[PDB]
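Architecture and fold: a report
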Number of protein chains: 2
Amino acid sequence: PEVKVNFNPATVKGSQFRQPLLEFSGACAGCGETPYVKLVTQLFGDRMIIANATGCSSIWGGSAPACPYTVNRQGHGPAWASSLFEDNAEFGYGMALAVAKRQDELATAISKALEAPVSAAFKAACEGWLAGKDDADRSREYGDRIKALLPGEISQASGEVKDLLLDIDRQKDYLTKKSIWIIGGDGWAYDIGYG
Amino acid sequence: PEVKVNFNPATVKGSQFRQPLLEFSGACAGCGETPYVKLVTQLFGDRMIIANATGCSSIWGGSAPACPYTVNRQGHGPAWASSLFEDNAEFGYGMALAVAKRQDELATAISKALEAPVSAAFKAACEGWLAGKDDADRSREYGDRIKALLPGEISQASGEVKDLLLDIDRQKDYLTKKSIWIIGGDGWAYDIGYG
Ligand SMILES: Cc1ncc(C[n+]2csc(CCOP(=O)(O)OP(=O)(O)O)c2C)c(N)n1
Ligand SMILES: Cc1ncc(C[n+]2csc(CCOP(=O)(O)OP(=O)(O)O)c2C)c(N)n1
Ligand code: SF4
Ligand code: SF4
């Protein structure tokens with residue numbers, strides 16, 4: 001079973017107690033690429049999206065039908081996508097625009113929830129999230145309180161107030177701030193995708 | 001008529017006594033672009049090839065049926081070409097490869113001319129050109145001596161020796177070293193063509 005430990009994730013020993021979310025890929029024995037991505041998944045894999053350029057990182061990272069990126073016990077893990085060899089930077093840039101747009105729709109539904117007859121504990125977590133929606137730790141902190149209070153709050157609501165809470169529940173996957181990562185080889189970064 | 005003067009071309013006064021090879025373009029009144037290219041034509045227009053990106057410099061520089069680039073009294077002037085907006089640097093890079101290839105074919109025909117029964121004055125200019133074929137001034141100096149001696153040399157030759165001199169006459173336009181210039185706007189250089 002999982003064991004909650006307070007080892008500092010900023011150290012080598014503390015980081016390896018986190019579950020790896022990149023495992024058993026098709027890279028060569030002793031590859032110099034996969035250890036880097038594996039460490040990133042152990043630190044921020046809970047909330048990251050990957051835009052991967054075509055290359056080795058896309059061949060051992062995304063050759064059908066096997067996917068080396070996995071999830072933790074909570075079912076959360078990095079979402080992985082590879083478009084083309086030359087557009088990987090702009091591909092990931094587009095994701096950052098969209099993810100910000102999805103969080104903006106949620107913040108609007110949360111601000112409207114403040115004006116609705118909902119529980120005082122629910123209003124407390126919403127105000128805390130709006131102030132730290134762009135902070136990785138704070139958005140996870142107040143977001144989880146919102147996720148925990150939503151099912152009981154929806155049961156106690158009705159009419160258009162219930163629809164407002166149901167719209168927040170539909171977008172609760174954008175409470176936690178995401179981390180966009182654009183991964184590629186030197187051939188992509190130094191040549192075809194440098195522009 | 002043309003007046004040979006020994007004013008230093010490196011000064012402003014000396015450069016303007018050279019004939020401009022960019023005249024009467026379609027640029028705006030007081031454009032900040034055309035004065036730059038005009039000065040380049042007055043210095044090296046005798047032996048330059050232009051790879052121009054799409055933009056203002058291609059619209060006032062190459063809108064049919066009027067061409068603003070002209071020639072001097074000797075009939076020599078810049079050759080101008082525009083491929084696309086995004087490839088102008090590689091377009092001009094390809095020209096530099098080809099021009100070097102054309103000079104290489106000429107140097108082979110000149111080295112073979114040293115082994116042929118030709119005039120002593122012709123052999124003197126060929127040895128001088130081979131040593132300075134990559135120097136702008138020296139290649140023009142010894143090249144013009146070769147161009148001046150060729151018609152009399154061809155008249156005095158026969159057989160395969162005459163064919164060797166006729167092959168040099170076919171390539172005499174690559175004695176003088178060329179100057180490849182890649183002209184474009186900031187939109188080309190900073191964005192789409194920066195890679
Ligand atoms: C537009 C385009 N050009 C070329 C290719 C072929 N291609 C696939 S991967 C690759 C190079 C990978 O080198 P690098 O970016 O350094 O990644 P690495 O494999 O070294 O990790 C190339 C040229 C392609 N798929 N698409
Ligand atoms: C592939 C492509 N994209 C866009 C264009 C349209 N286009 C023509 S000129 C130009 C911009 C010119 O700006 P700049 O490079 O700064 O030159 P300037 O006109 O300022 O001298 C653009 C976007 C094109 N012709 N081709
Ligand atoms: S980068 Fe590619 S080829 Fe090189 S060791 Fe890793 S998997 Fe093998
Ligand atoms: S750059 Fe183009 S638009 Fe600007 S002054 Fe020159 S010709 Fe006119």
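By convention in this text, residue numbers begin from 1 on each chain and track the written sequence, not necessarily the entry numbering, and residues missing coordinates are not displayed. Chains and ligands are labelled by the order in which they are written, letters from A for the one and numbers from 1 for the other. Note that these chains sit within a larger assembly, yet all values were taken from the shown part only. Remark: hydrogens and water are excluded; side-chain values derive from all non-hydrogen atoms of the structure.

Determination of this PDB entry was carried out by X-ray crystallography to a resolution of 3.302 Å, according to the record.

The name the PDB entry assigns to chain A is PYRUVATE-FERREDOXIN OXIDOREDUCTASE, from the organism Moorella thermoacetica. What the PDB record gives as the title of this entry is "Pyruvate:ferredoxin oxidoreductase from Moorella thermoacetica with coenzyme A bound".

Things to note about the sheet that holds strand β3 (residues 179–183) of chain B
Residue and element names in this part refer to chain B. This is how it is decided: Two strands form a pair only when DSSP identifies at least two bridges running between them. Numbering of helices and strands runs from the N terminus; a helix is a DSSP stretch of H or I covering at least four residues, while a strand is a stretch of E covering at least two. Axis definition: a line fitted to C-alpha atoms, limited for helices to the stretch in contact. Angles are taken between N-to-C directions and run from 0 to 180 degrees.
In space, the three strands of this open sheet follow the order β2-β1-β3, with parallel pairing throughout. For this open sheet the edge positions go to β2 (79–81) and β3, each flanked by a neighbour on one side alone. Taken over all neighbouring pairs, the strand axes of this sheet differ in orientation by 20 degrees on average, direction set aside. As defined by bridge partners, strand β1 (residues 48–52) adjoins β3 across five bridges and the pair is classed as parallel.

So, the site of ligand 2
Residues and elements named next belong to chain B. Here is the rule we go by: Throughout this document, a residue counts as near a molecule or strand when at least one of its heavy atoms sits within 4 Å of that molecule or strand. Between N or O atoms, a polar contact is any pair within 3.5 Å; within protein, one atom must be a potential hydrogen donor and the other a potential acceptor, and residues adjacent in sequence are included only when both atoms are from side chains. Methods summary: accessible areas were calculated by the Shrake-Rupley approach with a probe of 1.4 Å, and residue burial reflects only the protein chains presented. Charged means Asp, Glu, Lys or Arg here, nonpolar means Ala, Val, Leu, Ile, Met, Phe, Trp, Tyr, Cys or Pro, and polar covers whatever is left, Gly included.
In the neighbourhood of ligand 2, the contacting residues comprise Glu 33, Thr 54, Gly 55, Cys 56, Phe 85, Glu 86, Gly 185, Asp 186, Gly 187, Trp 188 and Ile 192. For ligand 2, an oxygen atom lies 2.6 Å from a polar atom in the side chain of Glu 33. Here ligand 2 has 590 Å² of accessible area as a free molecule, and 54% of this is covered by the chains. Counting residues per element, the shell around ligand 2 draws most heavily on helix α8 (residues 186–192), which supplies four residues. Of the residues in the shell around ligand 2, the class split is four nonpolar, four polar and three charged.

What to know about the environment of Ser25(A)
Residue and element names in this part refer to chain A. To be explicit about the condition: The contact criterion used is simple: two residues touch if any of their non-hydrogen atoms lie within 4.5 Å.
Within the element layout of this structure, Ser 25 appears in the loop between α1 (12–16) and α2 (34–44). Between the C-alpha atom of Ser 25 and that of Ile 59, which follows or precedes it by 34 residues, the distance is 9.1 Å. If we ignore the near neighbours within four places in the chain, the residues touching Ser 25 are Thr 34, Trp 60 and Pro 68.

With respect to the packing of helix α5 (residues 120–131) of chain A against helix α6 (residues 136–155) of chain A
Residues and elements named next belong to chain A. Spelled out, the test is: Oblique is the label for every angle not falling under 35 degrees (roughly parallel), over 145 degrees (roughly antiparallel), or within 65 to 115 degrees (roughly perpendicular). Definitions for this section: a left-handed crossing has its near helix turned counterclockwise from the far helix by less than a right angle. A right-handed crossing has that turn clockwise.
Across the interface, α5 lies against α6 with an axial gap of 9 Å and an inter-helix angle of 150 degrees. By the angle between their axes, α5 is roughly antiparallel relative to α6. Handedness of the α5/α6 crossing: left-handed. Contact with α5, carried on its side by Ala 121, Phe 122, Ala 125, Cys 126, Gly 128, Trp 129 and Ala 131, involves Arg 138, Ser 139, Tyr 142, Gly 143, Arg 145, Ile 146, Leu 149, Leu 150 and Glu 153 of α6 and no other residues of that element. Per-class residue counts for the contact of α5 with α6 are 10 nonpolar, three polar and three charged.

Description of unusual backbone geometry
Residues and elements named next belong to chain A. Applied cut-off: Only protein chains enter the calculation, and the probe is 1.4 Å; a residue is then buried if its accessible area is under 20% of its type maximum, exposed if over 50%, and partly exposed in between.
A cis amide bond links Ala 64 to the next residue, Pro 65, at an omega of 0 degrees. Located in the positive-phi region is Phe 24, a residue other than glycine, with phi close to 65 degrees. Tracing the sequence through the fold places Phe 24 in the loop between α1 and α2. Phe 24 sits in the exposed class, given a relative accessible area of 76%.

Re the pattern of salt bridges
The cut-off we apply is this: Salt-bridge detection follows one rule: a side-chain nitrogen of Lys or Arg within 4 Å of a carboxyl oxygen of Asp or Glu.
The final tally for this structure, using the stated rule, is 14 salt bridges over all chains. In this structure, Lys172(A) engages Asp169(A) in a salt bridge whose closest nitrogen and oxygen atoms are separated by 3.1 Å. Note that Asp46(B) is salt-bridged to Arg140(B), the shortest N-O span being 2.4 Å. Taken together, the residues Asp46(B) in the loop between α2 (34–44) and β1 and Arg140(B) in helix α6 (residues 136–155) connect sequence positions 94 residues apart. Its relative accessible area of 29% is what places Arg140(B) among the partly exposed residues. Bridged by salt links that share partners, the residues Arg102(A), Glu105(A), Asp167(A) and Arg170(A) form one connected network.

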